Amino acid sequence: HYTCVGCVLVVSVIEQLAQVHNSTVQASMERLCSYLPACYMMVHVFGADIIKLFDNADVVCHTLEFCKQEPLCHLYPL
Amino acid sequence: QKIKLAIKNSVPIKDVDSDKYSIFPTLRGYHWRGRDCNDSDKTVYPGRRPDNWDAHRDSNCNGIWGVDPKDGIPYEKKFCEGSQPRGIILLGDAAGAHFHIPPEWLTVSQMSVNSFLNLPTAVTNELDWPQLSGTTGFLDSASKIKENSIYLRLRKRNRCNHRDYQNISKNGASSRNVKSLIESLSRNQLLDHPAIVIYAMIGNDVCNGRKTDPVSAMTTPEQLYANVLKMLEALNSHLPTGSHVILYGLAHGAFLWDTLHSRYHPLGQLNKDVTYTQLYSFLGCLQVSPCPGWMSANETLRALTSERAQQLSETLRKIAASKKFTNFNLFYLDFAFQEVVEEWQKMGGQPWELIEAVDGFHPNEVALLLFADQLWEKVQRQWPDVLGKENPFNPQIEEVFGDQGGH
Ligand SMILES: *[C@@H]1O[C@H](CO)[C@@H](O[C@@H]2O[C@H](CO)[C@@H](O)[C@H](O)[C@H]2NC(C)=O)[C@H](O)[C@H]1NC(C)=O
Ligand SMILES: *[C@@H]1O[C@H](CO)[C@@H](O)[C@H](O)[C@H]1NC(C)=O
Ligand SMILES: [Ca+2]
Ligand SMILES: [Ca+2]
Ligand SMILES: [Ca+2]
């Protein structure tokens, strides 16, 4: 439900942060954590093994199991 | 824990004397209703008639109390005896509560540290911003707009009404669930001043049916008629005599698709790869659309949605014409959408600037204050008693009591 919307939204600012800061997903994911007044227990760590290496938000959230598919819901053109 | 109860009943969590007024801003606190000047006394709260004219203490929290040393008259008697104070109460939905996701959050362009400074407040207010809303806002609009909320216009008009606002709005509110919101309304029929109540459910009656046939999910004129009647009977047993109730019609949401269907959502302004059509389709696919009827690309479905909405407005208009109540008189106002657009063009704005950027559905702060502006001017000409008289003692109250304790 909203986890797909939220994931797509969260993942879309991360990916739009690396594109803006010419960095990797690991760099943006860590940078995002600096903006919220201490998620690094997950992202610097839990997201490292899961995140950077595989590479849009619809794919990731579909890949990360956040947008279950049983119509294929997508925000960006496929 | 009973925290759950306070949010399900839309009453503050921080409220020791349980009079529904808080010293805490968020969590249904004083961002939503006047601040409790004594959260240890259930008989001290905004909107109350003064006990012995507040000669010894401020019991209605309007900042006026004590006695004039010259004649031993209580100040609130010299400055409020005949001014006919009244409260403002909004029974509304997400728009009345001013639902707002700041564009600054989803825009990587400016994601500065100052951009997320307001997040824990927004979340504790259910992403609503009543303290900036058009009916009950009291904080200065930092948005380059010098219109004032309805409450601030009532305060400016009569400084005795200071802090007598209540925003009884819930994101998903409609005629179908307004009975819960009225339980959370605060007013003692014999001990408090009268109030203006604005009933403003401007779309949820036609904006459900996320997982069904949208038209089949909408409220029927019969359903809404019975719901609103029961609603008004309840108000009649809570509102002091001499109150006023305004029924607001439903929105002309066809405006949404027409204005935005091919405009860039803030999450697509940089890469130019997202429109509201896409957003509408994405959320519809997930069955999480805030309004399937109007946020569709299917212009027949949008036409059926507007038709039902208009049919429900005429139902509310019929009620305001044919039903009378002992403790309030009853009025009907159309959704002034057209008049808001004319007035906004004159100020150099375009229509799409009147809609929340993130959700592309609710009117934004600018539109709400314009809706308040139109309601205030229209009520004056036609129904002057509803707003009362100007109080000649505003400067003197101002000089004796300053900010009257603030907000
Ligand atoms: C709220 O009102 C109460 C009284 O109704 C105030 O508390 C008492 O005030 C008396 C004097 O009026 C004291 O003798 C008591 O010790 C106070 N406490 C209690 C528990 O009665 C209280 O001060 C008021 N609050 C504010 C902010 O003015
Ligand atoms: C438009 O919506 C209605 C639902 O009221 C549906 O019956 C109709 O088939 C839809 N048409 C298209 C082309 O999607
Ligand atoms: Ca109190
Ligand atoms: Ca209280
Ligand atoms: Ca007082």
# chains A, B, ... in the order shown; residues from 1 in each chain; ligands from 1
$ residues_around --residues "stretch 88-95 of chain B" --least-positions-apart "3" --cutoff "6 Å" --atoms "only C-alpha atoms" --output "PyMOL selection string"
chain B and resi 98-99+165-171+173+195-201+362
$ write_last_selection --atoms "C-alpha atoms" --output "mmCIF file, in the first residue's frame"
data_model
loop_
_atom_site.group_PDB
_atom_site.id
_atom_site.type_symbol
_atom_site.label_atom_id
_atom_site.label_comp_id
_atom_site.auth_asym_id
_atom_site.auth_seq_id
_atom_site.Cartn_x
_atom_site.Cartn_y
_atom_site.Cartn_z
ATOM 1 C CA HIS B 98 -4.728 22.266 5.749
ATOM 2 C CA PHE B 99 -3.080 19.006 4.815
ATOM 3 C CA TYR B 165 -10.895 28.977 17.811
ATOM 4 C CA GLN B 166 -11.382 25.245 17.341
ATOM 5 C CA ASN B 167 -10.384 23.281 14.235
ATOM 6 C CA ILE B 168 -12.371 20.038 14.523
ATOM 7 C CA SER B 169 -11.188 18.614 11.206
ATOM 8 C CA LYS B 170 -9.904 15.168 10.296
ATOM 9 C CA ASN B 171 -8.114 14.130 7.117
ATOM 10 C CA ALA B 173 -13.796 13.355 7.454
ATOM 11 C CA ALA B 195 -20.010 30.124 18.086
ATOM 12 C CA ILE B 196 -19.926 30.170 14.315
ATOM 13 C CA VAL B 197 -19.688 26.605 13.006
ATOM 14 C CA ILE B 198 -18.532 26.036 9.433
ATOM 15 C CA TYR B 199 -19.330 22.563 8.140
ATOM 16 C CA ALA B 200 -16.871 22.078 5.254
ATOM 17 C CA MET B 201 -16.721 18.501 3.942
ATOM 18 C CA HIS B 362 -5.864 19.628 -1.719
#
$ interface_residues --of "chain B" --to "chain A" --cutoff "8 Å" --atoms "only C-alpha atoms" --output "number ranges by chain"
B: 106-109, 112-113, 116, 273-274, 278-279, 281-283, 285-288
$ write_last_selection --atoms "N, CA, C and O atoms" --output "PDB file, in the first residue's frame"
ATOM      1  N   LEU B 106      10.753  16.546  -0.831  1.00  0.00           N
ATOM      2  CA  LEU B 106      10.981  15.642  -1.949  1.00  0.00           C
ATOM      3  C   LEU B 106      11.856  16.245  -3.035  1.00  0.00           C
ATOM      4  O   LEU B 106      12.141  15.565  -4.027  1.00  0.00           O
ATOM      5  N   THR B 107      12.279  17.494  -2.879  1.00  0.00           N
ATOM      6  CA  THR B 107      13.117  18.166  -3.864  1.00  0.00           C
ATOM      7  C   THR B 107      14.575  18.026  -3.443  1.00  0.00           C
ATOM      8  O   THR B 107      15.026  18.702  -2.514  1.00  0.00           O
ATOM      9  N   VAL B 108      15.311  17.143  -4.127  1.00  0.00           N
ATOM     10  CA  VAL B 108      16.747  17.035  -3.899  1.00  0.00           C
ATOM     11  C   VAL B 108      17.446  18.344  -4.216  1.00  0.00           C
ATOM     12  O   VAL B 108      18.543  18.600  -3.707  1.00  0.00           O
ATOM     13  N   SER B 109      16.839  19.173  -5.069  1.00  0.00           N
ATOM     14  CA  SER B 109      17.483  20.408  -5.502  1.00  0.00           C
ATOM     15  C   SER B 109      17.936  21.240  -4.311  1.00  0.00           C
ATOM     16  O   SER B 109      19.071  21.725  -4.274  1.00  0.00           O
ATOM     17  N   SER B 112      18.289  21.208   1.802  1.00  0.00           N
ATOM     18  CA  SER B 112      19.131  21.833   2.801  1.00  0.00           C
ATOM     19  C   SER B 112      18.745  21.319   4.183  1.00  0.00           C
ATOM     20  O   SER B 112      17.761  20.596   4.352  1.00  0.00           O
ATOM     21  N   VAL B 113      19.534  21.695   5.189  1.00  0.00           N
ATOM     22  CA  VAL B 113      19.193  21.274   6.541  1.00  0.00           C
ATOM     23  C   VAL B 113      17.941  21.992   7.014  1.00  0.00           C
ATOM     24  O   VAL B 113      17.136  21.423   7.762  1.00  0.00           O
ATOM     25  N   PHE B 116      14.119  20.330   6.358  1.00  0.00           N
ATOM     26  CA  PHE B 116      13.466  19.318   7.183  1.00  0.00           C
ATOM     27  C   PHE B 116      13.281  19.781   8.626  1.00  0.00           C
ATOM     28  O   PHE B 116      12.989  18.961   9.501  1.00  0.00           O
ATOM     29  N   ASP B 273      10.282  14.005 -16.079  1.00  0.00           N
ATOM     30  CA  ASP B 273       9.778  12.680 -16.417  1.00  0.00           C
ATOM     31  C   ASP B 273       8.572  12.276 -15.579  1.00  0.00           C
ATOM     32  O   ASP B 273       8.237  11.088 -15.536  1.00  0.00           O
ATOM     33  N   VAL B 274       7.913  13.217 -14.904  1.00  0.00           N
ATOM     34  CA  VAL B 274       6.739  12.890 -14.100  1.00  0.00           C
ATOM     35  C   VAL B 274       5.720  14.013 -14.204  1.00  0.00           C
ATOM     36  O   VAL B 274       6.059  15.192 -14.051  1.00  0.00           O
ATOM     37  N   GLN B 278       0.654  10.900 -14.419  1.00  0.00           N
ATOM     38  CA  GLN B 278       1.413   9.750 -13.944  1.00  0.00           C
ATOM     39  C   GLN B 278       1.166   9.510 -12.463  1.00  0.00           C
ATOM     40  O   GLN B 278       0.869   8.386 -12.042  1.00  0.00           O
ATOM     41  N   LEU B 279       1.293  10.562 -11.655  1.00  0.00           N
ATOM     42  CA  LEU B 279       1.012  10.439 -10.229  1.00  0.00           C
ATOM     43  C   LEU B 279      -0.389   9.898  -9.992  1.00  0.00           C
ATOM     44  O   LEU B 279      -0.583   8.990  -9.175  1.00  0.00           O
ATOM     45  N   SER B 281      -2.251   8.094 -11.986  1.00  0.00           N
ATOM     46  CA  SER B 281      -2.298   6.696 -12.408  1.00  0.00           C
ATOM     47  C   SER B 281      -1.556   5.794 -11.428  1.00  0.00           C
ATOM     48  O   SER B 281      -2.044   4.716 -11.069  1.00  0.00           O
ATOM     49  N   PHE B 282      -0.368   6.216 -10.998  1.00  0.00           N
ATOM     50  CA  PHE B 282       0.415   5.441 -10.041  1.00  0.00           C
ATOM     51  C   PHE B 282      -0.377   5.168  -8.767  1.00  0.00           C
ATOM     52  O   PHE B 282      -0.449   4.025  -8.299  1.00  0.00           O
ATOM     53  N   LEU B 283      -0.971   6.212  -8.184  1.00  0.00           N
ATOM     54  CA  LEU B 283      -1.718   6.048  -6.941  1.00  0.00           C
ATOM     55  C   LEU B 283      -3.012   5.284  -7.165  1.00  0.00           C
ATOM     56  O   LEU B 283      -3.457   4.544  -6.280  1.00  0.00           O
ATOM     57  N   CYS B 285      -3.345   2.904  -9.414  1.00  0.00           N
ATOM     58  CA  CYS B 285      -2.912   1.515  -9.535  1.00  0.00           C
ATOM     59  C   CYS B 285      -2.744   0.876  -8.164  1.00  0.00           C
ATOM     60  O   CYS B 285      -3.165  -0.265  -7.942  1.00  0.00           O
ATOM     61  N   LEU B 286      -2.120   1.594  -7.234  1.00  0.00           N
ATOM     62  CA  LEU B 286      -1.940   1.106  -5.875  1.00  0.00           C
ATOM     63  C   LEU B 286      -3.211   1.183  -5.041  1.00  0.00           C
ATOM     64  O   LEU B 286      -3.179   0.815  -3.862  1.00  0.00           O
ATOM     65  N   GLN B 287      -4.323   1.638  -5.615  1.00  0.00           N
ATOM     66  CA  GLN B 287      -5.568   1.787  -4.868  1.00  0.00           C
ATOM     67  C   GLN B 287      -5.378   2.670  -3.637  1.00  0.00           C
ATOM     68  O   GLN B 287      -5.915   2.396  -2.564  1.00  0.00           O
ATOM     69  N   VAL B 288      -4.602   3.743  -3.788  1.00  0.00           N
ATOM     70  CA  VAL B 288      -4.376   4.660  -2.675  1.00  0.00           C
ATOM     71  C   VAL B 288      -4.669   6.091  -3.117  1.00  0.00           C
ATOM     72  O   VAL B 288      -4.222   7.050  -2.480  1.00  0.00           O
TER      73      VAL B 288
END
$ residues_near_ligand --ligand "ligand 2" --cutoff "7 Å" --atoms "only C-alpha atoms and all ligand atoms" --output "NGL selection string"
:B and (213-215 or 298 or 300-301 or 304)
$ select_by_dssp --residues "stretch 269-337 of chain B" --states "strand (DSSP E or B)" --output "PyMOL selection string"
chain B and resi 275+328-333
$ select_by_dssp --residues "chain A" --states "alpha helix (DSSP H)" --output "JSON list (two decimals) with N, CA and C atoms, in the first residue's frame"
[["chain", "number", "residue", "atom", "x", "y", "z"],
["A", 2, "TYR", "N", 0.93, 1.96, 1.14],
["A", 2, "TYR", "CA", 1.77, 3.15, 1.24],
["A", 2, "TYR", "C", 3.24, 2.80, 1.28],
["A", 3, "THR", "N", 3.57, 1.56, 1.64],
["A", 3, "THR", "CA", 4.97, 1.16, 1.64],
["A", 3, "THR", "C", 5.55, 1.23, 0.23],
["A", 4, "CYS", "N", 4.74, 0.90, -0.79],
["A", 4, "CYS", "CA", 5.20, 1.07, -2.16],
["A", 4, "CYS", "C", 5.35, 2.54, -2.49],
["A", 5, "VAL", "N", 4.36, 3.36, -2.14],
["A", 5, "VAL", "CA", 4.46, 4.80, -2.37],
["A", 5, "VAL", "C", 5.64, 5.37, -1.61],
["A", 6, "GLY", "N", 5.75, 5.02, -0.33],
["A", 6, "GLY", "CA", 6.85, 5.54, 0.48],
["A", 6, "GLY", "C", 8.20, 5.06, -0.02],
["A", 7, "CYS", "N", 8.32, 3.75, -0.26],
["A", 7, "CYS", "CA", 9.57, 3.22, -0.81],
["A", 7, "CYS", "C", 9.92, 3.93, -2.11],
["A", 8, "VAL", "N", 8.98, 3.99, -3.05],
["A", 8, "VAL", "CA", 9.24, 4.66, -4.32],
["A", 8, "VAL", "C", 9.64, 6.11, -4.08],
["A", 9, "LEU", "N", 9.00, 6.77, -3.11],
["A", 9, "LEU", "CA", 9.35, 8.15, -2.78],
["A", 9, "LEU", "C", 10.72, 8.22, -2.11],
["A", 10, "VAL", "N", 10.94, 7.41, -1.08],
["A", 10, "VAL", "CA", 12.25, 7.38, -0.44],
["A", 10, "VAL", "C", 13.33, 7.03, -1.46],
["A", 11, "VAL", "N", 13.17, 5.90, -2.14],
["A", 11, "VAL", "CA", 14.17, 5.46, -3.11],
["A", 11, "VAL", "C", 14.34, 6.47, -4.23],
["A", 12, "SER", "N", 13.31, 7.27, -4.52],
["A", 12, "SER", "CA", 13.41, 8.23, -5.60],
["A", 12, "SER", "C", 14.19, 9.48, -5.22],
["A", 13, "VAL", "N", 14.26, 9.82, -3.93],
["A", 13, "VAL", "CA", 15.07, 10.96, -3.52],
["A", 13, "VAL", "C", 16.52, 10.52, -3.35],
["A", 14, "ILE", "N", 16.75, 9.29, -2.89],
["A", 14, "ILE", "CA", 18.10, 8.74, -2.83],
["A", 14, "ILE", "C", 18.72, 8.71, -4.22],
["A", 15, "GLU", "N", 18.03, 8.08, -5.17],
["A", 15, "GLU", "CA", 18.53, 8.00, -6.54],
["A", 15, "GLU", "C", 18.62, 9.37, -7.19],
["A", 16, "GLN", "N", 17.71, 10.28, -6.85],
["A", 16, "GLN", "CA", 17.81, 11.65, -7.34],
["A", 16, "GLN", "C", 18.81, 12.47, -6.56],
["A", 17, "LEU", "N", 19.34, 11.94, -5.45],
["A", 17, "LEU", "CA", 20.42, 12.58, -4.71],
["A", 17, "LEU", "C", 21.78, 12.20, -5.28],
["A", 18, "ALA", "N", 21.97, 10.93, -5.63],
["A", 18, "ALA", "CA", 23.21, 10.52, -6.29],
["A", 18, "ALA", "C", 23.35, 11.21, -7.64],
["A", 19, "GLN", "N", 22.25, 11.34, -8.39],
["A", 19, "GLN", "CA", 22.29, 12.04, -9.66],
["A", 19, "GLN", "C", 22.61, 13.52, -9.48],
["A", 20, "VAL", "N", 22.22, 14.09, -8.34],
["A", 20, "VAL", "CA", 22.48, 15.51, -8.11],
["A", 20, "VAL", "C", 23.89, 15.72, -7.56],
["A", 21, "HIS", "N", 24.39, 14.78, -6.76],
["A", 21, "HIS", "CA", 25.70, 14.90, -6.12],
["A", 21, "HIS", "C", 26.77, 14.06, -6.81],
["A", 25, "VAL", "N", 24.92, 5.26, -4.78],
["A", 25, "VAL", "CA", 23.76, 5.13, -3.90],
["A", 25, "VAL", "C", 24.21, 5.07, -2.44],
["A", 26, "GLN", "N", 25.33, 4.39, -2.18],
["A", 26, "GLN", "CA", 25.89, 4.36, -0.83],
["A", 26, "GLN", "C", 26.20, 5.76, -0.32],
["A", 27, "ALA", "N", 26.70, 6.63, -1.20],
["A", 27, "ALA", "CA", 27.01, 8.00, -0.79],
["A", 27, "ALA", "C", 25.74, 8.78, -0.50],
["A", 28, "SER", "N", 24.75, 8.71, -1.39],
["A", 28, "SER", "CA", 23.49, 9.42, -1.17],
["A", 28, "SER", "C", 22.74, 8.85, 0.03],
["A", 29, "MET", "N", 22.67, 7.52, 0.13],
["A", 29, "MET", "CA", 21.96, 6.89, 1.24],
["A", 29, "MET", "C", 22.54, 7.34, 2.58],
["A", 30, "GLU", "N", 23.87, 7.38, 2.70],
["A", 30, "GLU", "CA", 24.48, 7.93, 3.91],
["A", 30, "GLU", "C", 24.17, 9.42, 4.06],
["A", 31, "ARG", "N", 24.28, 10.18, 2.96],
["A", 31, "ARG", "CA", 24.02, 11.62, 3.02],
["A", 31, "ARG", "C", 22.60, 11.90, 3.49],
["A", 32, "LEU", "N", 21.63, 11.16, 2.97],
["A", 32, "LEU", "CA", 20.25, 11.33, 3.41],
["A", 32, "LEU", "C", 20.14, 11.20, 4.92],
["A", 33, "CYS", "N", 20.87, 10.24, 5.50],
["A", 33, "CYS", "CA", 20.80, 10.03, 6.94],
["A", 33, "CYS", "C", 21.25, 11.27, 7.71],
["A", 34, "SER", "N", 22.16, 12.05, 7.13],
["A", 34, "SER", "CA", 22.65, 13.25, 7.80],
["A", 34, "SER", "C", 21.58, 14.32, 7.90],
["A", 35, "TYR", "N", 20.53, 14.24, 7.07],
["A", 35, "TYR", "CA", 19.53, 15.30, 6.97],
["A", 35, "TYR", "C", 18.41, 15.18, 7.98],
["A", 47, "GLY", "N", 21.89, -1.16, 4.66],
["A", 47, "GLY", "CA", 21.66, -0.87, 3.26],
["A", 47, "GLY", "C", 22.86, -1.12, 2.37],
["A", 48, "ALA", "N", 24.06, -1.15, 2.95],
["A", 48, "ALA", "CA", 25.27, -1.37, 2.16],
["A", 48, "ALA", "C", 25.22, -2.73, 1.47],
["A", 49, "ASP", "N", 25.06, -3.81, 2.24],
["A", 49, "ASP", "CA", 24.98, -5.14, 1.65],
["A", 49, "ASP", "C", 23.83, -5.24, 0.66],
["A", 50, "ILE", "N", 22.75, -4.51, 0.92],
["A", 50, "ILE", "CA", 21.54, -4.63, 0.12],
["A", 50, "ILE", "C", 21.54, -3.68, -1.08],
["A", 57, "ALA", "N", 13.39, 3.63, -9.06],
["A", 57, "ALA", "CA", 12.79, 3.35, -7.76],
["A", 57, "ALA", "C", 11.75, 2.24, -7.85],
["A", 58, "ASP", "N", 10.98, 2.20, -8.95],
["A", 58, "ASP", "CA", 10.01, 1.13, -9.12],
["A", 58, "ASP", "C", 10.69, -0.23, -9.15],
["A", 59, "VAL", "N", 11.83, -0.33, -9.84],
["A", 59, "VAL", "CA", 12.56, -1.59, -9.90],
["A", 59, "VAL", "C", 13.07, -1.96, -8.51],
["A", 60, "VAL", "N", 13.72, -1.01, -7.83],
["A", 60, "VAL", "CA", 14.30, -1.28, -6.52],
["A", 60, "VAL", "C", 13.22, -1.73, -5.54],
["A", 61, "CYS", "N", 12.16, -0.93, -5.40],
["A", 61, "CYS", "CA", 11.09, -1.27, -4.47],
["A", 61, "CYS", "C", 10.40, -2.56, -4.87],
["A", 62, "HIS", "N", 10.32, -2.83, -6.17],
["A", 62, "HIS", "CA", 9.89, -4.15, -6.63],
["A", 62, "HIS", "C", 10.95, -5.20, -6.34],
["A", 63, "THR", "N", 12.23, -4.83, -6.49],
["A", 63, "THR", "CA", 13.31, -5.76, -6.17],
["A", 63, "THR", "C", 13.43, -5.97, -4.66]]
$ closest_atom_pairs --of "chain B" --to "ligand 5" --cutoff "7 Å" --atoms "only C-alpha atoms and all ligand atoms" --output "CSV"
residue,atom,partner,partner_atom_place_in_ligand_line,distance
B:50,CA,ligand 5,1 (Ca),6.1
B:54,CA,ligand 5,1 (Ca),5.4
B:58,CA,ligand 5,1 (Ca),4.2
B:59,CA,ligand 5,1 (Ca),5.5
B:60,CA,ligand 5,1 (Ca),4.9
B:61,CA,ligand 5,1 (Ca),5.5
B:62,CA,ligand 5,1 (Ca),4.9
B:63,CA,ligand 5,1 (Ca),5.4
B:64,CA,ligand 5,1 (Ca),4.1
B:65,CA,ligand 5,1 (Ca),4.9
B:76,CA,ligand 5,1 (Ca),6.2
$ residues_around --residues "stretch 247-262 of chain B" --least-positions-apart "6" --cutoff "8 Å" --atoms "only C-alpha atoms" --output "MDAnalysis selection string"
chainID B and resid 198:203 275:277 294:297 302:303 306 309:310 312:314 316:317 320 330:335 337 351:352 360:361
$ write_last_selection --atoms "N, CA and C atoms" --output "tab-separated table (two decimals), in the first residue's frame"
chain	number	residue	atom	x	y	z
B	198	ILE	N	-18.60	26.27	10.87
B	198	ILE	CA	-18.53	26.04	9.43
B	198	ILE	C	-18.38	24.54	9.22
B	199	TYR	N	-19.38	23.95	8.58
B	199	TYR	CA	-19.33	22.56	8.14
B	199	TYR	C	-18.78	22.55	6.72
B	200	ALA	N	-17.58	22.00	6.53
B	200	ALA	CA	-16.87	22.08	5.25
B	200	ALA	C	-16.28	20.71	4.90
B	201	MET	N	-17.14	19.80	4.47
B	201	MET	CA	-16.72	18.50	3.94
B	201	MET	C	-16.79	18.62	2.42
B	202	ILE	N	-15.68	19.03	1.81
B	202	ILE	CA	-15.71	19.54	0.45
B	202	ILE	C	-15.42	18.46	-0.59
B	203	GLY	N	-15.32	17.20	-0.20
B	203	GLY	CA	-15.05	16.20	-1.21
B	203	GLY	C	-15.03	14.74	-0.82
B	275	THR	N	4.47	13.64	-14.44
B	275	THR	CA	3.34	14.55	-14.44
B	275	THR	C	2.33	14.08	-13.41
B	276	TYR	N	1.31	14.90	-13.20
B	276	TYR	CA	0.24	14.50	-12.29
B	276	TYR	C	-0.61	13.39	-12.89
B	277	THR	N	-0.76	13.34	-14.22
B	277	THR	CA	-1.37	12.18	-14.85
B	277	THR	C	-0.68	10.90	-14.38
B	294	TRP	N	-12.12	12.13	-9.30
B	294	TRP	CA	-11.63	13.33	-9.98
B	294	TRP	C	-10.20	13.21	-10.48
B	295	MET	N	-9.40	12.31	-9.93
B	295	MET	CA	-8.02	12.16	-10.35
B	295	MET	C	-7.87	11.10	-11.43
B	296	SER	N	-8.91	10.89	-12.22
B	296	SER	CA	-8.91	9.91	-13.29
B	296	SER	C	-8.62	10.58	-14.62
B	297	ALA	N	-8.07	9.81	-15.56
B	297	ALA	CA	-8.00	10.24	-16.95
B	297	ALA	C	-9.29	9.97	-17.71
B	302	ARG	N	-14.95	11.45	-14.29
B	302	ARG	CA	-14.83	12.77	-13.68
B	302	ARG	C	-16.14	13.54	-13.79
B	303	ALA	N	-16.88	13.37	-14.89
B	303	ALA	CA	-18.16	14.05	-15.03
B	303	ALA	C	-19.19	13.50	-14.06
B	306	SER	N	-18.32	14.98	-10.56
B	306	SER	CA	-18.77	16.35	-10.39
B	306	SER	C	-20.28	16.42	-10.25
B	309	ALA	N	-21.18	15.36	-6.76
B	309	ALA	CA	-20.78	16.42	-5.85
B	309	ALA	C	-21.76	17.59	-5.91
B	310	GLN	N	-22.18	17.98	-7.11
B	310	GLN	CA	-23.13	19.07	-7.24
B	310	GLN	C	-24.49	18.67	-6.67
B	312	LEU	N	-24.94	16.67	-4.20
B	312	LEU	CA	-24.82	16.71	-2.74
B	312	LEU	C	-24.82	18.14	-2.22
B	313	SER	N	-24.25	19.08	-2.97
B	313	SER	CA	-24.30	20.48	-2.55
B	313	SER	C	-25.74	20.99	-2.50
B	314	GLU	N	-26.53	20.66	-3.53
B	314	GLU	CA	-27.93	21.08	-3.54
B	314	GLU	C	-28.70	20.45	-2.38
B	316	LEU	N	-27.32	19.95	0.63
B	316	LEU	CA	-26.98	20.81	1.75
B	316	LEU	C	-27.70	22.15	1.65
B	317	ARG	N	-27.86	22.68	0.44
B	317	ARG	CA	-28.58	23.94	0.27
B	317	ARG	C	-30.05	23.78	0.64
B	320	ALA	N	-30.38	23.93	4.46
B	320	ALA	CA	-30.26	25.28	4.99
B	320	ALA	C	-31.49	26.14	4.71
B	330	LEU	N	-29.05	28.96	10.25
B	330	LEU	CA	-28.37	28.05	9.33
B	330	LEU	C	-28.29	28.67	7.94
B	331	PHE	N	-27.11	28.59	7.32
B	331	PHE	CA	-26.85	29.23	6.04
B	331	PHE	C	-26.14	28.24	5.12
B	332	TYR	N	-26.12	28.56	3.83
B	332	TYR	CA	-25.42	27.75	2.83
B	332	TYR	C	-24.55	28.63	1.95
B	333	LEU	N	-23.32	28.18	1.70
B	333	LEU	CA	-22.39	28.87	0.80
B	333	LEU	C	-21.87	27.90	-0.25
B	334	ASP	N	-21.89	28.33	-1.51
B	334	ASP	CA	-21.27	27.55	-2.57
B	334	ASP	C	-19.76	27.56	-2.44
B	335	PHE	N	-19.13	26.54	-3.02
B	335	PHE	CA	-17.69	26.55	-3.19
B	335	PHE	C	-17.27	27.69	-4.12
B	337	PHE	N	-14.97	28.54	-5.85
B	337	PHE	CA	-13.78	28.25	-6.66
B	337	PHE	C	-13.59	29.26	-7.78
B	351	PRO	N	-3.49	29.28	-11.92
B	351	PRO	CA	-4.30	28.30	-11.19
B	351	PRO	C	-3.50	27.19	-10.52
B	352	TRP	N	-2.55	26.58	-11.22
B	352	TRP	CA	-1.82	25.45	-10.65
B	352	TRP	C	-1.07	25.84	-9.39
B	360	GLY	N	-1.19	17.17	-5.31
B	360	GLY	CA	-1.97	17.58	-6.48
B	360	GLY	C	-3.47	17.40	-6.31
B	361	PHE	N	-3.98	17.71	-5.12
B	361	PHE	CA	-5.37	17.43	-4.79
B	361	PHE	C	-5.95	18.47	-3.84
$ residues_near_ligand --ligand "ligand 1" --cutoff "9 Å" --atoms "only C-alpha atoms and all ligand atoms" --output "list in words"
residues 36, 37, 38, 39, 40, 41, 42, 43, 44, 57 and 58 of chain B
$ write_last_selection --atoms "N, CA and C atoms" --output "mmCIF file, in the first residue's frame"
data_model
loop_
_atom_site.group_PDB
_atom_site.id
_atom_site.type_symbol
_atom_site.label_atom_id
_atom_site.label_comp_id
_atom_site.auth_asym_id
_atom_site.auth_seq_id
_atom_site.Cartn_x
_atom_site.Cartn_y
_atom_site.Cartn_z
ATOM 1 N N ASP B 36 -4.867 26.493 26.392
ATOM 2 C CA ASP B 36 -5.441 26.482 27.735
ATOM 3 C C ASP B 36 -4.570 27.310 28.676
ATOM 4 N N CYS B 37 -5.095 28.440 29.147
ATOM 5 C CA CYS B 37 -4.344 29.279 30.074
ATOM 6 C C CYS B 37 -4.292 28.707 31.490
ATOM 7 N N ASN B 38 -5.048 27.639 31.783
ATOM 8 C CA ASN B 38 -4.901 26.890 33.041
ATOM 9 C C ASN B 38 -5.289 25.436 32.760
ATOM 10 N N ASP B 39 -4.294 24.605 32.446
ATOM 11 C CA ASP B 39 -4.563 23.193 32.190
ATOM 12 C C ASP B 39 -4.727 22.382 33.472
ATOM 13 N N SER B 40 -4.873 23.043 34.620
ATOM 14 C CA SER B 40 -5.199 22.384 35.877
ATOM 15 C C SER B 40 -6.633 22.630 36.319
ATOM 16 N N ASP B 41 -7.425 23.368 35.540
ATOM 17 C CA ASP B 41 -8.780 23.739 35.940
ATOM 18 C C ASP B 41 -9.713 23.540 34.753
ATOM 19 N N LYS B 42 -10.645 22.601 34.897
ATOM 20 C CA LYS B 42 -11.622 22.309 33.854
ATOM 21 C C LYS B 42 -12.568 23.481 33.593
ATOM 22 N N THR B 43 -12.677 24.434 34.520
ATOM 23 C CA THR B 43 -13.558 25.586 34.357
ATOM 24 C C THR B 43 -12.839 26.798 33.780
ATOM 25 N N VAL B 44 -11.614 26.625 33.295
ATOM 26 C CA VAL B 44 -10.852 27.683 32.643
ATOM 27 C C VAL B 44 -10.485 27.161 31.264
ATOM 28 N N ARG B 57 -9.652 36.418 38.021
ATOM 29 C CA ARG B 57 -8.799 35.593 37.180
ATOM 30 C C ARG B 57 -9.384 35.524 35.779
ATOM 31 N N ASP B 58 -8.542 35.106 34.842
ATOM 32 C CA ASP B 58 -8.938 34.949 33.448
ATOM 33 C C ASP B 58 -9.437 33.521 33.258
#
$ residues_near_ligand --ligand "ligand 4" --cutoff "6 Å" --atoms "only C-alpha atoms and all ligand atoms" --output "list in words"
residues 15, 16, 17, 18, 19, 20, 21, 22, 36 and 39 of chain B
